[PDB]
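Reading the structure
Now for the letters of each chain:
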Amino acid sequence: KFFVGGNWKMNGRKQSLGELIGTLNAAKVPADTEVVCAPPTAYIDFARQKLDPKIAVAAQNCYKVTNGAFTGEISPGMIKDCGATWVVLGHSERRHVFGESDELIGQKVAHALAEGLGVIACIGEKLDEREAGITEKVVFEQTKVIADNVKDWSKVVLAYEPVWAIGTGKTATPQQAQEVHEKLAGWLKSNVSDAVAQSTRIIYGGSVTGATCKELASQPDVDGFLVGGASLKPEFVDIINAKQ
Amino acid sequence: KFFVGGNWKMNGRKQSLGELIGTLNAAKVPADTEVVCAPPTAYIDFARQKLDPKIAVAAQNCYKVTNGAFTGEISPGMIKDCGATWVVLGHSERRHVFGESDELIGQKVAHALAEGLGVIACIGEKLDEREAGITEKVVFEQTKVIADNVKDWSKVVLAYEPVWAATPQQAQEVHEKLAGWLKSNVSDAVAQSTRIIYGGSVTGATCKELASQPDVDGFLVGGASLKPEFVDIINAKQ
Ligand SMILES: [Br-]
Ligand code: NA
Ligand code: NA
Ligand code: NA
Ligand code: NA
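Residues numbered from 1 in each chain as written, not as in the entry; some residues may be left out. Chains lettered and ligands numbered in written order. Heavy atoms only, no water.

- Method information in the entry identifies X-ray crystallography as the source of the structure, with 2.1990 Å recorded as the resolution.

1. Points about the overall build of chain A
- The secondary structure content of chain A amounts to 11 helices and 8 strands.
- Radius of gyration (C-alpha) of chain A: 17 Å, near the 18 Å computed for a compact globule of 244 residues.
- Relative to its 244 residues, chain A shows a buried fraction of 57%.
- Across chain A, the fraction of contacts at a sequence separation of at least 24, relative to all contacts at a separation of at least 6, is 70%.
- The averaged location of the 29 negative side-chain charges in chain A is 4 Å from the averaged location of its 26 positive side-chain charges. (Helix = DSSP H or I, 4+ residues; strand = E, 2+ residues; numbered from the N terminus. Rg over C-alpha atoms; globule rule 2.2 N^0.38 Å. Buried < 20%, exposed > 50% of the residue type's maximum accessible area, 1.4 Å probe, protein only. Contact = heavy atoms within 4.5 Å. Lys, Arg positive; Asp, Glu negative; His and termini not counted. Charge placed at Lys NZ, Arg CZ, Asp CG, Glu CD.)

2. As for the coordination of the sodium ion (ligand 5)
Residue and element names in this part refer to chain B.
- Taken together, the protein ligands of the sodium ion (ligand 5) are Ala211 (O), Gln213 (O) and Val216 (O), with distances of 2.5 to 2.6 Å.
- As a motif over one chain, the donors of the sodium ion (ligand 5) read A-x1-Q-x2-V.
- Take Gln213: its relative accessible area is 17%, and that puts it in the buried class.
- Using a relative accessible area of 3% as the deciding quantity, one classes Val216 as buried. (Donors = N, O, S within 2.8 Å, 3.2 Å for Na, K, Ca; no water.)

3. Notes on the pairing of strand β8 (residues 224-227) of chain A
Residue and element names in this part refer to chain A.
- Here β8 shows a buried face lined by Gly224 and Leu226 and a second buried face lined by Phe225 and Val227.
- Judged from the 4 bridges that link them, strand β1 (residues 2-7) and β8 form a sheet pairing that is parallel. Directly across from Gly5, in β8, lies its bridge partner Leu226. (Pairing = 2+ DSSP bridges.)

4. What about the interface of chain A and chain B?
- Each partner contributes residues to the interface: chain A has 36 residues there, and chain B has 36 residues.
- Interface of chain A and chain B: buried area, both sides summed, is about 3500 Å²; carbon and sulfur atoms make up 55% of it.
- Taken as a group, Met10, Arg13 and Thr71 of chain A account for 25% of the area that chain A buries against chain B, more than any other trio of residues on that side.
- Run the count over chain A and chain B and you get 4 salt bridges.
- One salt bridge connects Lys14 of chain A with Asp45 of chain B, and the closest N-O pair in it is separated by 3.0 Å. (Buried area = accessible area lost by both parts, 1.4 Å probe. Salt bridge = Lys/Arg side-chain N within 4 Å of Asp/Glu carboxyl O.)

5. Looking at the coordination of the sodium ion (ligand 4)
- Protein ligation of the sodium ion (ligand 4) involves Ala217 of chain A (O), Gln219 of chain A (O) and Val222 of chain A (O), the donor distances falling in the range 2.4 to 2.7 Å.
- In the primary sequence, the donor residues of the sodium ion (ligand 4) line up as A-x1-Q-x2-V.

6. What to know about unusual backbone geometry
- A positive phi angle, near 55 degrees, is found at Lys9 of chain A, a position not held by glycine.
- The topology assignment puts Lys9 of chain A in the loop between β1 and α1 (14-26).
- By relative accessible area, which is 17% here, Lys9 of chain A ends up buried.
- Phi angles above zero are rare outside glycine, and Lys9 of chain B is one such case at about 50 degrees.
- Among the secondary structure elements, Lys9 of chain B is positioned in the loop between β1 (2-7) and α1 (14-26).
- You can call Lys9 of chain B buried: its relative accessible area is 17%.

7. Overview of the packing of aromatic side chains
- Under the counting rule described, the total for this entry stands at 11 aromatic pairs over all chains.
- The interplanar angle of 85 degrees and the centroid separation of 5.7 Å between the aromatic rings of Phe2 of chain A and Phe225 of chain A together place this pair among those described as edge-to-face. Here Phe2 of chain A, found in strand β1, pairs with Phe225 of chain A, found in strand β8; they are 223 residues apart in sequence, far enough to count as distant. As far as burial versus exposure is concerned, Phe2 of chain A and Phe225 of chain A are alike and both buried.
- Judged by centre distance (4.6 Å) and plane angle (50 degrees), the ring pair of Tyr63 of chain B and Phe70 of chain B falls under tilted.
- Cluster of aromatic residues (ring-pair linked, three or more members): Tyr63 and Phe70 of chain A together with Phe98 of chain B.
- Taking the ring centre of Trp164 of chain A as reference, the NZ or CZ of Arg130 of chain A above it sits at 3.9 Å.
- Sitting over the ring of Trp164 of chain B, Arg130 of chain B keeps its end group 4.0 Å from the ring centre. (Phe/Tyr/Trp six-rings, centres within 6.5 Å; stacked < 30°, edge-to-face > 60°. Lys NZ or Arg CZ within 6 Å of the ring centre and 35° of its normal.)

8. Side note on helix α7 (residues 135-148) of chain A
Residues and elements named next belong to chain A.
- The end-to-end C-alpha distance of α7, which contains 14 residues, comes to 20 Å, matching closely the 20 Å that a straight helix rising 1.5 Å per residue would cover.
- Taken together, the buried positions of α7 are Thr135, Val138, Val139, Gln142, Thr143, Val145, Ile146 and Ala147.
- Check the buried side of α7 and you find it contacts α4 (92-96), α5 (102-114), β5 (118-123), α6 (127-131), β6 (156-160) and α8 (174-191). (Expected span 1.5 Å × (residues − 1).)

9. Topic: the environment of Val157 of chain B
- With respect to the helices and strands, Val157 of chain B occurs in strand β6 (residues 156-160).
- Considering only alpha carbons, one finds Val157 of chain B and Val88 of chain B, 69 residues apart in sequence, at a separation of 9.5 Å.

10. So, the UniProt feature "active site" in chain B
- UniProt's entry tags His91 and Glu161 of chain B with the feature "active site", counted in the numbering of this structure. The annotated residues occupy 71 residues of the chain but converge on a single region, no pair of C-alpha atoms lying more than 8.1 Å apart.
- Structurally, the position occupied by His91 of chain B is in the loop between β4 (86-89) and α4 (92-96).
- Judged by relative accessible area, which is 3%, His91 of chain B ranks as buried.
- Dropping the residues within four chain positions of it, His91 of chain B is found in contact with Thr71 of chain A together with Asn7, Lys9, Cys122, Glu161 and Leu220 of chain B.
- For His91 of chain B, the side chain forms a polar contact with the side chain of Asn7 of chain B, separated by 3.5 Å.
- With respect to the element layout, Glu161 of chain B can be found in the loop between β6 and α8 (168-185).
- Polar contacts involving the side chain of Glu161 of chain B include one to the side chain of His91 of chain B, which spans 2.7 Å. (UniProt positions renumbered as here; feature names shortened; annotations may be inferred. Polar contact = N/O pair within 3.5 Å; in protein donor to acceptor, adjacent residues only side chain to side chain.)

In structure tokens:
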């Protein structure tokens, strides 16, 4: 199933997000497409209440124990208690703005999965890493740490973020995304199963719009999207329709 | 006003927090006491709906702009939109588990206050800082960073977290130094009106003798805030 995730990031209030959710509830979700929305943490509850059950909800981050002295964090069990079924982990903003290490992200992955959430596990290389020629190394290491903490890939989606194209002056073509997605899909096929490679969705977390979504979705190993800014707009419906 | 804050940290679910809120709604709060509860961030909305208006709600953290590409963060705008009126900033767990720098905490304070939220600004020295004798230096620089980003102390509460642990006298000793720092570096008026609450281990047994200290103006309660004895702590001055 084609996977379309909307990452609202740190945006919206009850009013604007209620309007957005109204637009999404009205949209026909294709039968072959699974749609997930990641609202700001203070609105997970609100969003799950207002969104139609056909759209799943995701938390944007979580910590690695079920309860503890971690002022300002939330646990997978709280996410589940609010009706959310996924959590985004390892987002480039968590890694580079807030310094989340690979080890911490892997431990969060293991805990989210053990508590029965699905996980959208994000990876990607920065500009200087790409230009130094070690896209391979960075992306494989980050995927290794995630895989070390994944026992059932049924509940996991891997999101490649071309961090090197975020505000840097360079952008990623569809072919470049397909290049990296194929190299990742070889890893999974190589280090897990052939069935897991056919099963596991590798989604693209770069810049995607209504105008570009169809060409990118046509790439053989692009199996979905983790959408940023467009996720707050009616244009997100076009990206839901990428495969139609 | 005697200030009693309860930091639930990363604990509770809708059902168990509903029971906790029921016990708090039923308890009668003394005249001259402001009670604030800080739920896990996924339950700010839920907590505000179930708590009687007499109890204010606080977020446990926020970021430093109103909206942006900061997956996993919330802004003071969203805190207000959820009916909360406070945010805890600089808590020892944020600084020492999640490595939040003083600069970032100062920026957070500046933005939260500009947006109309109250701030519970937390400070405190680790045990190695204490054992090296530099307790005063640590909390003085931490407070200085907050003070440089405060334009209205009306809205601010200072919370001293003895991360190192603590007897009531040691607490009052630190609180008195902080009050003196405010008097000398900000203004006499701010030093006299700003409430410095104690954020170390507070229990229904230790609450009254801590509250009686002249510069201990309240508490920011941890574990005990999830238990019935929080009511006793709310009554520490009776
Ligand atoms: Br606390
Ligand atoms: Na990783
Ligand atoms: Na292999
Ligand atoms: Na495809
Ligand atoms: Na007192």
